[PDB]
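What follows is a single structure, written as structure tokens, with notes after it.
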Amino acid sequence: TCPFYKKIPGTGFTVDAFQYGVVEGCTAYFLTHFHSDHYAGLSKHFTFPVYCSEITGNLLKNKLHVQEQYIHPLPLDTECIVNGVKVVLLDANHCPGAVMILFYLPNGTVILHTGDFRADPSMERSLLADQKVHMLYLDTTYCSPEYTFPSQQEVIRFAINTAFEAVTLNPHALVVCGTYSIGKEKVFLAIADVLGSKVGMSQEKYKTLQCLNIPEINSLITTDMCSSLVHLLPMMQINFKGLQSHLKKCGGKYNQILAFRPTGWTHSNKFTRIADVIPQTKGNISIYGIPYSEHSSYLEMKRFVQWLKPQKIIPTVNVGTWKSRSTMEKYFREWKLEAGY
Ligand code: NI
């Protein structure tokens, strides 16, 4: 049954609730972003209004084949009425087209649902600064102080220099980047740009990127593998056996593969800096794990919540165990007491 934390009280709205069949009493299904846990259930046979960003719209239409009539794209940063209720969609700084949703209830309550987000100080000068938020539905993916990670800008700097060096030393080396969803495009785009290449990928993936309203994207990607020295592959395929294989397929055009696995957090965040990262090397194949996160670190989460000063917080991630629940409530209380709300 659809859990409480996917329902918005005093409306007939749900959020990211597509895998329970018809939800008794739902008049509009919001989708925060095109990631499969969130969209799970949607298809061409869904016949209820879906509200979402223009980009998430393009992906539902073209990837899932949802019928145009059921997709209601909304512009960001714009006061909009939906079944008699003022709502605003805000950039979640997660993957392309990912939004947070402000709900202005008839009773005067104001609710923010973050979807998936990476909290940033720029959000403190959005439409959120203009009024008080009573309830916060929160992406708690990394709600624990061991979860530190570098800025996106730092991680991209690393990957750019690493790849530029490897390729300037050996012009017959190939860069390969893993992917399994939208998000983290900047990894392979910033690498391609420094190397004077377009990025080459399968037809499935090119289609996915063609929906994303990226400017000058035709200048940056291609389906022609051969013409391109940055390749995207399934993240499953980013291993020694799978890179070896793929290295054969280029037909002796390249002698070395340098590959990147953009992980979230992994325990080596606790000990190692970005400057001091090293790969796994099996001959002429190296694999860098890079901690490129599109979720709030603990400190970023904490700041955003202490700025927002919500009256109540409802977690949407790590809710399946009592230990996780209980641990999160402790940090919420700590934050509230330290900041005096
Ligand atoms: Ni996500």
Side-chain angles (χ1 to χ4, degrees), residues 2-3 5-6 8 14-20 29-43 50-60 62-64 66 71 73-74 76 89-102 112-120 123 136-144 147 149 151-152 155 177-189 205 208-209 211-214 232 234-236 261-266 269 289-298 300-301 304-305 313-320 324 328:
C2 176
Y5 68 89
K6 297 191 182 289
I8 296 309
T14 55
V15 178
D16 295 354
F18 295 93
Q19 52 164 310
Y20 313 99
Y29 294 80
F30 288 77
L31 183 60
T32 57
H33 66 294
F34 198 76
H35 279 171
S36 64
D37 287 4
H38 296 254
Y39 69 58
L42 263 177
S43 94
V50 183
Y51 289 77
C52 64
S53 63
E54 195 192 316
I55 288 164
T56 309
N58 305 339
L59 295 158
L60 290 179
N62 294 293
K63 294 293 297 167
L64 284 179
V66 164
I71 297 164
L74 299 163
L76 301 190
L89 299 194
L90 303 170
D91 208 292
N93 183 45
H94 181 54
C95 65
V99 291
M100 319 183 293
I101 317 168
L102 260 185
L112 178 61
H113 196 308
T114 58
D116 280 353
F117 81 138
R118 176 161 185 177
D120 190 83
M123 299 168 172
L136 176 61
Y137 289 69
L138 182 63
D139 175 9
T140 40
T141 298
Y142 296 123
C143 197
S144 197
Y147 296 124
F149 29 66
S151 80
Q152 287 171 173
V155 176
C177 285
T179 185
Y180 44 26
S181 59
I182 70 176
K184 308 196 203 184
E185 286 74 21
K186 188 65 171 170
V187 183
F188 59 78
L189 297 169
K205 187 70 184 172
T208 307
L209 304 188
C211 306
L212 308 182
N213 292 358
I214 290 162
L232 308 200
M235 193 78 71
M236 272 196 71
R261 301 198 326 101
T263 55
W265 166 99
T266 60
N269 263 282
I290 63 173
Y292 192 87
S293 187
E294 284 183 349
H295 295 276
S296 309
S297 75
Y298 171 88
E300 292 163 351
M301 192 181 302
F304 175 79
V305 176
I313 299 164
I314 303 158
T316 62
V317 188
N318 306 317
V319 298
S324 304
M328 288 181 293

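Ligands are counted one by one from 1 in listed order, and the atoms in each one are counted from 1 as well. What you see below is based on every heavy atom in this structure, not just the backbone, and it leaves out hydrogens, waters and symmetry mates. Positions are given from 1, in the same order as the sequence printed here.
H113 and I8 get closest at one heavy-atom pair: CD2-CD1, 4.5 Å. Nearest heavy-atom pair across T114 and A92 is O-CB, 4.1 Å.
Evaluation of the salt bridge (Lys or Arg N to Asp or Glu O under 4.0 Å) rule for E294 yields no partner, not counting sequence neighbours.
Separation of the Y5 and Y137 ring centroids does not fall under the 6.0 Å cut-off. Ring to ring, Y51 and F30 are close: their centroids are under 6.0 angstrom apart.
At a cut-off of 2.8 Å, measuring from the Ni ion (ligand 1), the protein N, O or S atoms that fall short of it are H33 NE2, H35 ND1, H94 NE2, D116 OD2, waters left aside.
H38 and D116 share a side-chain donor-acceptor pair at under 3.5 Å.
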